[PDB]
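Below are the chains, spelled out letter by letter.
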Amino acid sequence: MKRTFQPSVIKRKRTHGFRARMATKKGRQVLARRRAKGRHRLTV
Amino acid sequence: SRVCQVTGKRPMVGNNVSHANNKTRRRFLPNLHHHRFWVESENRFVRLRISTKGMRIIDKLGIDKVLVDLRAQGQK
Amino acid sequence: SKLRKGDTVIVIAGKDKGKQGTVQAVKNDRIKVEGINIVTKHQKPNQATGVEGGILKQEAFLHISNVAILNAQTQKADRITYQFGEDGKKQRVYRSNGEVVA
Amino acid sequence: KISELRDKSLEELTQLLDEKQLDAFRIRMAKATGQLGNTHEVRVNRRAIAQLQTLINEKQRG
Amino acid sequence: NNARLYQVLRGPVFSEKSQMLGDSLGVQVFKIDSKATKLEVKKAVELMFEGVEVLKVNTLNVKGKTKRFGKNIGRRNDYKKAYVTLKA
RNA sequence: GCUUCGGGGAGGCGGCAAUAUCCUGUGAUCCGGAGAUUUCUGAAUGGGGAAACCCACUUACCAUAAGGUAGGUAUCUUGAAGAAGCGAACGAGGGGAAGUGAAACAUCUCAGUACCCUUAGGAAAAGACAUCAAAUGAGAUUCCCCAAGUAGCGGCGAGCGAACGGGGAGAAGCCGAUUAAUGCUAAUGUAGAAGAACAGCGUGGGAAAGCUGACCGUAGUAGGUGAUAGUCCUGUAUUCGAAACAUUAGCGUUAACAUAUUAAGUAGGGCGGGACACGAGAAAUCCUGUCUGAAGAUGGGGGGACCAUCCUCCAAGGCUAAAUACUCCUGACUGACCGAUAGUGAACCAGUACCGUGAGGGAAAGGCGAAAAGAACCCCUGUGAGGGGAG
RNA sequence: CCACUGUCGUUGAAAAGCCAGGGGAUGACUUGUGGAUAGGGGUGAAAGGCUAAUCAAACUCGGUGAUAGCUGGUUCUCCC
RNA sequence: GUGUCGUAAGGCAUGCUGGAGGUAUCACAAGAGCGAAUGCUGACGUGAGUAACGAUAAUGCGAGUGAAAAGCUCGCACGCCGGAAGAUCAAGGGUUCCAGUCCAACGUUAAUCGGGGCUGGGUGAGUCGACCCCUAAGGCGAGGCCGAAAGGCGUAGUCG
RNA sequence: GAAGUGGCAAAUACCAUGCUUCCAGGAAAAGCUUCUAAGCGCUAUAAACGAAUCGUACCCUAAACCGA
Ligand SMILES: [Mg+2]
């Protein structure tokens, strides 16, 4: 049956992407937190 | 924002206190009003968002004194 | 460092203690001295490159503190010291006597 | 080799750099076609190009 | 400028497709700089091979392959190649 | 990786990780100072955008074709100069929980804590009396030890909890105790240099251990080296170097900003809140949303309701070092701290694999040998795996 | 597109299916792509349904080592 | 492992293994003693060589290669789909595509085969699509309005 | 080294963004054609030269996507 993840690149990059993170103060805090943890993947 | 230009009055925080002494956070807002002040030195009306205390300060000190203080303060 | 490739040394520790040879290589703390510390290597033959293969006998690096420079006069193990001449030239010098040679 | 280039003027340094560019192209083509046995030459040509551009930068700055 | 055209051609392509393209149509296959246009490839070919005329340049980007070596997963560089048609 | 200036003196072209072509006393590799180059994304700044992409305008020059080189073009503030963004903790400020405790729970507690937001500096803040005291008075601020779990506050419950003063650290008072450069003089740091003295014999794979006898010591409990070394190596004690750049001070000078002249919408008051250890209380004192509103030195503020007397001090201008708080970092040193299920989550290609749309969660996994001397060759087998010989 | 009945399956082929039948099938229809509404909030032809296999208050992190008059466990030896 | 000593916790000696550290005594300090916590991590049992090997569309034989062939290749025959189980895409994936070579692991068996390993190759546009010009919903939004702060809204526009 | 043209049948494709009816009354903007404003090139005929960049393999009712 239909499952929860239905991938779409535009939708992924528009809800979770780098510019979407940088558009908000809270998204920039997400990025600051990911960089402080040292993640090799900042954004999808 | 809800800030008086000439006096600096802005919202205060405080408590609503019930008779049973229950505390709730509340705000105290300034008595802010729009008023067009006549300025002879410029022959014009300038509209300020001002408190009642600021209007009294206009009454005592003059619109010219208050206006030069606002201009020194910045926004004009 | 105090021993460089070319000079004749004598091994003062190890299985070849006593024998002398001339230095071939100094990597950092190891030293290769010809005719000393001979290991037997089982070399698998190679087709592409030019090596043949067999049971070879080659010298192995030993620790540089296991050898000493050989005094040309006294023919005994010696230490090295440095002498800055009046000309400003730095020369190795035998610790026992002091002659500039080696 | 750097003393051989520091005496040269900018006008001939530029032309020598262009010669080195053409040289690099031909080394690359010979490398791809398997005709350059002495493979140490490509690095020395690249570093000669770097030296020429450094000297050109110096002689143009002042 | 005449120093950018020396970097356009990174080297020829030697393969069966390249060999038979050369035999049948006399067309040269080059690995070219990742940023070279068809006009740049045309100018570079005509300058580095004196006496030839370019009719057509066909370009394509080929993605590099993933080749896990030892313990690591790594990938080869992408590259661009040009099919260059020359005057017969 | 390019240039240069210093160091250094025989090897070297980063690791896994070797191989090849080679470089190197015409001084390489390497180390320290300076410079040059420095794609694209990202504050990202020419416009736009699903980051690492798409699309431009314009000036000058060159080309003749469909371009190339060097620039310019965001916004805001201030009158060309600045700002932006990021990043530990500590500071100051604007907002501000609840779980919990009270053996329930609402006042109260938790706690002005967590968290959110703003913004500095090497510290910040505060600071020179409209402060206390009531003693023979003292004399700014901050921090520490006491005072003291006292006096108080408190459904007088649970709890909360001073001050005066004493002993210390540090001290300083001003009205320019500002900021940024540059230039001298001094010192430092950022590479380095020299640096003592052990042999014999036996055991042993190997000697540093054993036996015997020496030596150095301003250097003897360092790390290594084939077993445990003051005398084998690197070191240690000691003595020491700088072309260049940084930093710290002192001096001089410049250019930016600042330079009150004694303080009225102020003090005080009504109402509602808040802060004071103090929950409205007999409640001083501080702050202010709202409404008011003086005296102005023949005056005013405080001394815990309030009045009188007495003492004390002059608000409504600004500033001010130290003693205090901290650690993303640099250096030296230390540990009755751990030793691979421990210690960082992470000793290992770890914030990785893996899981999750995402925010986020989050591992496992060290050790041949002294040296690869990592087993030529032969045999079985499928040129496999694996083994048996040989070494 | 749906899901009325039954058998099967229930450590499944499957964390909701198969098979045989069943309903709607020009409509208040189904469906693609993009977008909007966010947690005491949303959305709901209303079942407290649904809001990423999570819903009478999502998820993640933090307060936080919440609290637990409750349950479990509590590691060497001998003497009184 | 063994012997021996003590009321016990335990001590002492010693053979074998091991190959570089240990520690008397007396003080001193504890991450100081484990069988249970449906405890935590790893390893390994029992179940048991048991159930199962994933659509009941289906296979037979002859050759080939190979260490080995029910499963690979070739051939003949048989069967199945055929509004698909054929073909072209979008989305998503990302080399899986093609050839050679290998068979440990992976493939629910074997494998000489493979979407597995390794090495090479392969994607060619003025016209197809994107980019580009244009706008929808909906975003962002010089100035503007609003709001303790953070921010919220919104014009021209600019994206989509 | 051959043939390659006649009948019939026939789409849900095309004419057709048409026609007819109905009510629930059916995107926008640009390209495009014209008109002028401020201000100070355009239309035909050709000839030569150009048209960049990115994608393109392969699966796609699937063993390559979402379901470990
Ligand atoms: Mg659900």
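- Per the PDB entry, the recorded name for chain E is Large ribosomal subunit protein uL23, and the organism is Psychrobacter urativorans.
- Its UniProt record gives chain E a comment under Function (unreviewed entry), which states: "One of the early assembly proteins it binds 23S rRNA. One of the proteins that surrounds the polypeptide exit tunnel on the outside of the ribosome. Forms the main docking site for trigger factor binding to the ribosome."
- UniProt's Sequence similarities (unreviewed entry) comment on chain E is quoted here verbatim: "Belongs to the universal ribosomal protein uL23 family."

- The name given to chain C in the PDB entry is Large ribosomal subunit protein uL24, with the source organism recorded as Psychrobacter urativorans.
- Comment text from UniProt for chain C, heading Subunit (unreviewed entry), reads "Part of the 50S ribosomal subunit."

1. Quick word on the protein's contact with RNA strand H
Moving on, step 1. Within the structure, RNA strand H sits among 25 residues, and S1(B), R27(B), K38(E), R68(E) and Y83(E) are positioned closest to it.
Moving on, step 2. Within 4 Å of the protein, the contacting atoms of RNA strand H are 80% sugar and phosphate, with bases supplying the remainder.
Moving on, step 3. In the environment of RNA strand H, a sugar or linking oxygen lies 2.9 Å from a nitrogen or oxygen atom belonging to the side chain of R14(A).
Moving on, step 4. Counting only elements with at least two residues in the surface near RNA strand H, the list comes to α1 (9-15) of chain A together with α1 (16-25), β3 (54-62), β4 (66-69) and β6 (79-86) of chain E.
Moving on, step 5. Across the surface near RNA strand H, the residue classes tally to 6 nonpolar, 6 polar and 13 charged.

2. What to know about unusual backbone geometry
Residue and element names in this part refer to chain C.
Moving on, step 1. Located in the positive-phi region is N37, a residue other than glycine, with phi close to 60°.
Moving on, step 2. Considering the arrangement of structural elements, one finds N37 in the loop between β3 (30-33) and β4 (38-43).
Moving on, step 3. Non-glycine residue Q75 carries a positive phi angle of around 60°.
Moving on, step 4. Residue placement: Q75 occurs in the loop between β7 (67-70) and β8 (77-78).

3. Notes on the protein's contact with RNA strand F
Moving on, step 1. Taken together, 94 residues lie around RNA strand F, and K37(A), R39(A), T40(C), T81(C) and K90(C) are the ones closest in.
Moving on, step 2. Within the backbone of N15(B), a nitrogen or oxygen atom sits 3.0 Å from a sugar or linking oxygen of RNA strand F.
Moving on, step 3. At 2.6 Å from a sugar or linking oxygen of RNA strand F is found a side-chain nitrogen or oxygen belonging to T54(D).
Moving on, step 4. Among the residues forming the surface near RNA strand F, the class breakdown is 28 nonpolar, 30 polar and 36 charged.

4. Quick word on the side chain of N71(C)
Residues and elements named next belong to chain C.
Moving on, step 1. Along the chain, the position of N71 falls in the loop between β7 and β8.
Moving on, step 2. Here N71 falls in the buried class, since its relative accessible area comes to 0%.
Moving on, step 3. Of note is the side chain of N71, whose polar atom sits 2.9 Å from the side chain of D78.
Moving on, step 4. Here the side chain of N71 touches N97 through a polar contact of 2.9 Å, side chain to side chain.
Moving on, step 5. Excluding its chain neighbours within four sequence positions, the residues that come into contact with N71 are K76, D78, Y94, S96, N97 and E99.

5. Focus: the interface of chain D and chain E
Moving on, step 1. Facing 8 residues of chain D, the contacting portion of chain E comprises 9 residues.
Moving on, step 2. Carbon and sulfur atoms make up 66% of the surface buried where chain D meets chain E, a total of about 830 Å² over both sides.
Moving on, step 3. Considering only the surface of chain D that becomes buried against chain E, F25(D), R28(D) and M29(D) emerge as the three largest contributors, covering 55% of it.
Moving on, step 4. Seen at the junction of chain D and chain E, the total is 0 salt bridges.
Moving on, step 5. Where chain D touches chain E, the interface holds 3 residue pairs in polar contact.
Moving on, step 6. Its residues assigned to classes, the side of chain D that touches chain E comprises 4 nonpolar, 2 polar and 2 charged.

Cut-offs applied
Residues numbered from 1 in each chain as written, not as in the entry; some residues may be left out. Chains lettered and ligands numbered in written order. Part of a larger assembly, values for the part shown. Heavy atoms only, no water. Residues with missing side-chain atoms left out of burial classes, pairs and counts. UniProt positions renumbered as here; feature names shortened; annotations may be inferred. Near = heavy atom within 4 Å. Polar contact = N/O pair within 3.5 Å; in protein donor to acceptor, adjacent residues only side chain to side chain. Helix = DSSP H or I, 4+ residues; strand = E, 2+ residues; numbered from the N terminus. Nonpolar A, V, L, I, M, F, W, Y, C, P; charged D, E, K, R; others polar. Buried < 20%, exposed > 50% of the residue type's maximum accessible area, 1.4 Å probe, protein only. Contact = heavy atoms within 4.5 Å. Buried area = accessible area lost by both parts, 1.4 Å probe. Salt bridge = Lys/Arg side-chain N within 4 Å of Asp/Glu carboxyl O.

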